[PDB]
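K.L.:
An experimental structure, sequence included, is below.
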Amino acid sequence: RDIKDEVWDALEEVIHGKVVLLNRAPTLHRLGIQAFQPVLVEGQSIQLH
Amino acid sequence: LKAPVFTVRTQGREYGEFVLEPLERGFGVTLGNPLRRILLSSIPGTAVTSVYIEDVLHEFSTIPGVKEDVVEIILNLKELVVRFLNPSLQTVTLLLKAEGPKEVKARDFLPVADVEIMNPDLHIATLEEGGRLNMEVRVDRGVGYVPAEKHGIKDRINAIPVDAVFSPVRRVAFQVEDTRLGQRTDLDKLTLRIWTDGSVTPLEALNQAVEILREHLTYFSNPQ
Amino acid sequence: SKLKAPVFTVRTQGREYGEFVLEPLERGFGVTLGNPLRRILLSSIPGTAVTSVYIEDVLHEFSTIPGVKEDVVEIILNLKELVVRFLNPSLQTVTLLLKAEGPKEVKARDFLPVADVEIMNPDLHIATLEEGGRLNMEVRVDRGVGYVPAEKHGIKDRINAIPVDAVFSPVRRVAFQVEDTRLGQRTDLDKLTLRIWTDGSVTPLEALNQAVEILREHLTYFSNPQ
Amino acid sequence: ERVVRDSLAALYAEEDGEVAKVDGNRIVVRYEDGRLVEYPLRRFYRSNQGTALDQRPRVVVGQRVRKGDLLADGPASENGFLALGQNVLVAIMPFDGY
Amino acid sequence: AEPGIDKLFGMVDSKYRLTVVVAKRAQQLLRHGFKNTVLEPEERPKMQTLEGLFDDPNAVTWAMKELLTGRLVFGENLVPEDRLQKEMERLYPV
Amino acid sequence: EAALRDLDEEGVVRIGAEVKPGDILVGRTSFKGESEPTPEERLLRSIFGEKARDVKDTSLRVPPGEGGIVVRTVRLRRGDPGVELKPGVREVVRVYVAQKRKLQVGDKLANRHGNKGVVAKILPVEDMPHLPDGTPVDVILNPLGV
Amino acid sequence: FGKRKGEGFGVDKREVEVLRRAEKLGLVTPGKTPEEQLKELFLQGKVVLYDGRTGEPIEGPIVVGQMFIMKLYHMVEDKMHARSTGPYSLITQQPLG
Amino acid sequence: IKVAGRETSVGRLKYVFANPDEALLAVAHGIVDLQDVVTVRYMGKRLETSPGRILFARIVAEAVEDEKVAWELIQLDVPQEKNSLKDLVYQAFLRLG
């Protein structure tokens, strides 16, 4: 409840420019991990390219 | 539910992109899809529609003393662009003769009364010395696109019909992506790209296609 | 030469159905007209549906009421079907009312009457009651647009008021035919026919005007470029 | 149908009879034996896995019931058939990447 | 992709030397308030807030653009470390 | 009080509330330790007119990404009839919470033949492929599965 | 369809453009009434489908039917999780799991 | 059909487009479909392909913003499949980055 709208607008500033890492189940090679700029979304699920 | 702000980015007489956001969900394709249809269906332009060349029987033949073949010249002619300045005007024949060692241009067309050749330096064909080029070209007001083998117009035996490239629009490409305003995040953002031939402009072409559109909205008036 | 304004025909049946023809239109305006209209006809057309419920001696959705065969999950669900037409335009929100008992299969008419509200499907089943089984609802139906789900509007009149999901939109179905036609001279013209189905709050025709109105309203946004 | 049966989750008729009461909470039935059984309804019970194990009633007052007929659907059973999901209108065609 | 990356890898002898030059310059900035930048106000990376466009905060995007200008020097054994961590706290304070 | 507006006299959420992440479901108090207020803290209170309190908020809140509608509660003390719990425990309170789970983007669907997949997108009906007679489809599976 | 050609409507202009294609494919026998051909597509379980984003038809005839499809137990709601910092382990002081 | 010597097709005669936009314009008006082999004048050389194979080539050319390079990388006189597309990414990589 206590999360007010402009919390999220605040976040979008935060993460500008910086990336996160995605990792998938068996990291068999150098590429089970790659870097992405996150774009925030509603819902629960991760969006893979 | 704000006033959707409308953004133009034009280059010259032939290209502009128009971005209209934000828009309720589904609507960037509700608009702009029809606009696509219209901007390619019904944008009145001008088109080469028949040709006669002094010693030329059919399309698939070689002109002696000329480097191009017949088709190649028909093609260059498919690319000419001309605006009709007098709104009444609705047809024209264009005359051009020349010969010997020259290359003809759209400037070299016999000028006519309120007929503006937009693209004068366009090249029509090259002649070798001893090469006669003598020809008349029909040029009309119309919309959309029309094969040659499907309007037929002959002003004389041995005139050829060319495929009829009216539309001053060359492509419509539109691109509707998701965008957000505050907390509402499903809105459409509509980008729309519009190529023309200079005859009419990208900004112009659209406002006409818009205009057509409301005009059919009115065709829901007198029932039965 | 250009075609001119074509002949609008209108073939309404009941307050539900409708068939709307336009003859003749330029080849390839069958869709250019009939799709965007059907898009707005499915999505943007105001209407009604229930929003929230109190049920005497109840406090959450997952409850059960004695001597009524239906669980509250199936009643809040039988009440989404219910379709309420407002007559006064400036009416934004009602609060229906119901009470019954004995061995009565409460149908939707059993609701108390209010003025400026008609129960466009009286025969709707609501809840089956056997000897001894009571009932007392306070439904709260609203004019709104589109789909606004419970987890999203939190509409509580009393404190134990179950919010409910809204199928506001009154358009049950929208199809549209395009068939071939001619104005003597020309071939490959288009004969647009526009089906429309409806619940009753608004009607196929009023829907189709409303759709056009929004469509028109939208093209204005192209007036002020930057 | 058997599966909804041996699963012993739906709720059936022990002998021929007529139905006395019916309710979101219980189902009482007069039998030809004069016995008045009262089958109460396991309503909204939490399963091991968190999935609502819910018993709903499928008869109405006075319904005449031969033996082994049904009186309530278990969870994931419709009129006595194993209802594992829903029937939907499916189109089989690429759709733009989703 | 990263804007201009292909030329970045052109400058350095090994991709990883770019990464540290970027990250170092990119922290020289975070501590100094950007005062030492070798950009001009119109080249300034800028992010779009709900109120209005403002300076890009991500000191790394800066550092990369910053590097493309050619206005920075990279290399081994070019200064005393302590003579930079002050002359730069001098020219631009904390 | 806003942070308690759904708790009964004893410290139980009222049957039928809505509870979301952060919300107390059952208030509880345990006594503080030999770190009973250290100097740093004994002073901060010295300014605010409340002295150090001797009990602690150990309330059972709700976990991140959980919640719903309290449907029941069970409170078993000892000193009540029928009941006796593991040694040293006064009272044990259980609160059962419910949720109505609409389908949402990420859940798994499957058919009886091994076609399994995650809901990746929910278009509004005006985007669904549909038959001539106006009817929209519900699911667009992809033939590359077969 | 018979419901249709009586309710006052004939074949539709897009249903032909698709039927044109179906013929290049080989789904339908050329030179037959549209009803004959749509019949033929149907029995192959295929129908004409209009994209709702355009009204234009799917260049092809699609398989459309009725399927049994369950909701499995594995829902995003039960599996989204993230931590900035939280519990640690007694002997290792590495985060719990 | 062999028509007076060389082998070409009825569609390479009927339809002869001066530039690619026109060929696509014809496709937007029902005249030809993308899989029909036609005649089009793209960058001088007047080629026997489809509008499909011409659309594709513009996609490459517009994405990498070098119409000249793009012309070279693709093989045009063939359907694009896993290998050819793989080969483009590699070839694009080597010469555009």
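P.N.:
Arrived safely. Residues are numbered from 1 along each chain as shown, chains lettered A, B, ... in the order given.

K.L.:
Nearest to chain B: which residue in chain A?
P.N.:
residue A:5 (5.4 Å; Cβ to the nearest Cβ). (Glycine included, C-beta is placed from N, CA and C.)

K.L.:
repeat for chain H
P.N.:
Chain H approaches chain B most closely through residue H:18 (3.6 Å), counting by Cβ to the nearest Cβ.

K.L.:
And for chain G?
P.N.:
In chain G, the residue that lies nearest chain B is residue G:53 (5.0 Å; Cβ to the nearest Cβ).

K.L.:
Please identify which helix or strand holds that residue.
P.N.:
Assigned by DSSP states H and E, residue G:53 falls within no helix or strand.

K.L.:
phi, psi of the closest residue to it other than its chain neighbours?
P.N.:
With sequence-adjacent residues excluded and distances taken as Cβ to Cβ, 6 or more residues apart in numbering or on different chains, residue G:53 is closest to residue B:29, at 5.0 Å. Dihedral pair for residue B:29: phi -110, psi -30, per degrees, to the nearest 10.

K.L.:
Confirm for me that residue B:29 is in contact with residue B:176.
P.N.:
Yes - judged on Cβ atoms under 8 Å, residue B:29 makes contact with residue B:176 at a distance of 5.2 Å.

K.L.:
got a list of what the residue nearest in space to the middle of chain A touches?
P.N.:
In chain A, the centroid-proximal residue (Cα atoms, centre = their mean) is residue A:38; its distance is 3.9 Å. Residues in contact with residue A:38 (Cβ atoms under 8 Å, 6 or more residues apart in numbering or on different chains) are A:15, A:19, A:20.

K.L.:
for the residue positioned nearest the centre of chain H, what are its contacts?
P.N.:
Closest to where the C-alpha atoms of chain H average out (Cα atoms, centre = their mean) is residue H:54, at 2.6 Å. Contacts for residue H:54 (Cβ under 8 Å, 6+ apart) come out as H:20, H:23, H:24, H:40, H:42.

K.L.:
Following the chain onward from the helix or strand the second one falls within, which element is next?
P.N.:
Read it as residue H:23. Assigning secondary structure by DSSP H and E places residue H:23 in helix H:20-28. Going down the chain from helix H:20-28, the next helix or strand is strand H:38-41, by DSSP H and E.

K.L.:
Off-centre distance for that following strand?
P.N.:
Strand H:38-41 has its C-alpha centroid displaced from the chain centroid by 9 Å (Cα atoms, centre = their mean, to the nearest Å).

K.L.:
Tell me the strands beside that strand, with direction?
P.N.:
According to DSSP bridges, strand H:38-41 forms sheet pairs with strand H:16-17 (parallel), strand H:46-49 (antiparallel).

K.L.:
Most tightly packed of these?
P.N.:
Most buried of the strands paired with strand H:38-41 by mean neighbour count (mean count of other Cβ atoms under 10 Å in any protein chain shown) is strand H:16-17; its value is a mean of 24.

K.L.:
now what about that strand, what contacts it?
P.N.:
Contacts with strand H:16-17, where a contact means Cβ under 8 Å, 6+ apart, come from B:71, B:74, B:75, B:78, B:163, H:23, H:26, H:38, H:39, H:40, H:41.

K.L.:
Same check on stretch F:32-46?
P.N.:
Contact partners of stretch F:32-46, identified using Cβ under 8 Å, 6+ apart, comprise F:51, F:52, F:54, F:55, F:56.

K.L.:
mind running it again at 6 Å?
P.N.:
Stretch F:32-46 is contacted by residues F:51, F:52, F:56 when judged by Cβ atoms under 6 Å, 6 or more residues apart in numbering or on different chains.

K.L.:
Next: stretch F:107-122.
P.N.:
The contact list for stretch F:107-122 (Cβ under 6 Å, 6+ apart) reads D:98, F:105, F:145, G:69, G:70, G:72, G:74, G:75.

K.L.:
correct me, but the second one touches residue A:44?
P.N.:
No - at 7.4 Å, residue F:105 and residue A:44 do not qualify as touching, with contact defined as Cβ atoms under 6 Å.

K.L.:
what does chain H have sitting close to chain E?
P.N.:
For chain H, the contact set with chain E under Cβ under 6 Å from any Cβ of the partner chain comprises residue H:97.

K.L.:
Let's see stretch B:40-52 as CSV, backbone CA atoms only.
P.N.:
Output in CSV follows, covering the C-alpha atoms of stretch B:40-52 (Å, rounded to 0.1, in the frame of the first residue of the first chain):
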residue,chain,number,x,y,z
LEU,B,40,-1.7,4.3,-51.2
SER,B,41,-5.3,4.0,-52.6
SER,B,42,-6.6,7.5,-53.2
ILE,B,43,-3.9,10.1,-53.3
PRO,B,44,-4.5,11.9,-56.5
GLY,B,45,-1.4,12.4,-58.6
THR,B,46,-0.2,12.4,-62.2
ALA,B,47,1.0,9.4,-64.3
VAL,B,48,2.4,8.6,-67.7
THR,B,49,-0.3,6.5,-69.3
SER,B,50,0.5,6.1,-73.0
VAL,B,51,3.5,6.6,-75.3
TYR,B,52,4.1,6.8,-79.1
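
K.L.:
Could you see whether chain G lies near that stretch?
P.N.:
No - Stretch B:40-52 is not in contact with chain G by Cβ under 6 Å from any Cβ; minimum separation 13.1 Å.

K.L.:
anything in that stretch sitting right up against chain H?
P.N.:
Yes - residues of stretch B:40-52 contacting chain H under Cβ under 6 Å from any Cβ: residue B:40.

K.L.:
Alright, calling it a day.
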